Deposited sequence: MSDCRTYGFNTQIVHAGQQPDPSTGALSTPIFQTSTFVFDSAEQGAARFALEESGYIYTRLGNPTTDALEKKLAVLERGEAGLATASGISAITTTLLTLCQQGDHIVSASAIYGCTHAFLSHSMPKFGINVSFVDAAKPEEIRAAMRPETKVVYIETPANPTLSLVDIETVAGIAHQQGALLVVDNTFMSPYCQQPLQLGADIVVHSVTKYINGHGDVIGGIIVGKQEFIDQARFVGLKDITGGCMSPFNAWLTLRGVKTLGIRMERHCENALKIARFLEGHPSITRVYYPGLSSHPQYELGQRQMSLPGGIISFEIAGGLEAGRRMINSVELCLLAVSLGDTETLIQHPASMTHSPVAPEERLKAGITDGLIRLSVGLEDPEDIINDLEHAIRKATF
């Protein structure tokens, strides 16, 4: 009847989707079209490119899963973020943003927005008082991400939402790392959720895309102004269909990701060659109790520091046999990276250190393989490297 009444796994499978009325086709048809035709001049005037039946199913599903009114699919995670913020802000406006944010978001906030006259203050969002202190009469948006790279620190969504709203601003939360299966920011008072569906929501490492979920009034503006008149970042219907297909298994995937990650995190925490393990599922995590209230599962991502700094981390990732060396996350395969030797290699060491990137830090996206195989591969590479 109404998918919003059913359990979350049922919603994952069914919400936004129904057998095709005209054919009975169970799969959502791929409306790979650019042209829609009218039956008459009158129907043409009535209807008056920005929508599509396949993409509509994905948007409605994600709106159900995040408990939001409406969804809007985009060409990429970054396009979800910029379509949102460029819809909301204009010259002279202000944004308060977490500092521990995903890389590409940072360049948009630190360079692109100020060149359009939109100023951004960066703060440590694990300290809600820093958010409050940075707000200005011009502040339209508080922007946060939780958990946050590179040490999986957290932000208290409900507390920050209350602060933002008291001072008249919207709260936008990037929920990519968690997916709606593990965290629901709108239920905690956020106004707008954005995702890179490139990660867990699609989950199969073969789609670049984004989604925005929020109130119908905002989503209509993000669609008819943000996409239409600013970014042009529409998602293709085939990408929407693949994401619909991937998200069918979101519940069973996240359960296995997190079950595997907890096993691996406990193994790493017991290993004498590993100095630190960052994982919200470990009781030693600095914000463990907050994570238990805010997150239904601790997630599939782990960071850890290997003994011996830069050269040990390089030797470790060059010694894995099953884990794949890559910079993405949320795929069915386990992915590993060593930022100080890979992504941030030209960055000055003390500059890396301020960003929380130590020479020995390894980031791991835990996949769906047998956890014993992942652990044996990690142990093999750690033993050789140290």
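Of the deposited sequence, the ranges 1, 50 to 59, 398 have no C-alpha coordinates according to the record.
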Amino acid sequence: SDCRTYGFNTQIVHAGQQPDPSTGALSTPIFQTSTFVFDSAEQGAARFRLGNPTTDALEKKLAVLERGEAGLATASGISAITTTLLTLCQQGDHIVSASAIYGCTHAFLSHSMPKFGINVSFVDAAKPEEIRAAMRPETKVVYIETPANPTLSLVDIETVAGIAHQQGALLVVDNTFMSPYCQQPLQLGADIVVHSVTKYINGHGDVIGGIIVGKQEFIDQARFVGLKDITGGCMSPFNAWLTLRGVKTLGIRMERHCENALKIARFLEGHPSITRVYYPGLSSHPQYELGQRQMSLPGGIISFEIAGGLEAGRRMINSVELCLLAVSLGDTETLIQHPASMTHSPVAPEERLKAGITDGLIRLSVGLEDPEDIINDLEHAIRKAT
From here on, numbers count along this sequence of modelled residues.
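Once the C-alpha B-factors are averaged per stretch, 264 to 272 and 101 to 109 rank with 101 to 109 first.
Here 364 to 372 and 15 to 23 are compared by their mean Cα B-factor, and 15 to 23 comes out higher. Listed residues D191, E255, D174, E311 were ranked by CA B-factor as deposited; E311 comes out on top. For the set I336, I30, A355, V64, the PDB entry puts the maximum C-alpha B factor at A355. Annotation for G44: CA B-factor lies in the highest third of the chain's modelled residues. Split the chain's modelled residues into thirds by C-alpha temperature factor. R293 is in the highest one. In the deposited entry, the Cα temperature factor of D206 sits in the bottom third of values across the chain's modelled residues. Split the chain's modelled residues into thirds by C-alpha temperature factor. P286 is in the highest one. When the modelled residues of the chain are ordered by their C-alpha B factor, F224 lands in the highest third.
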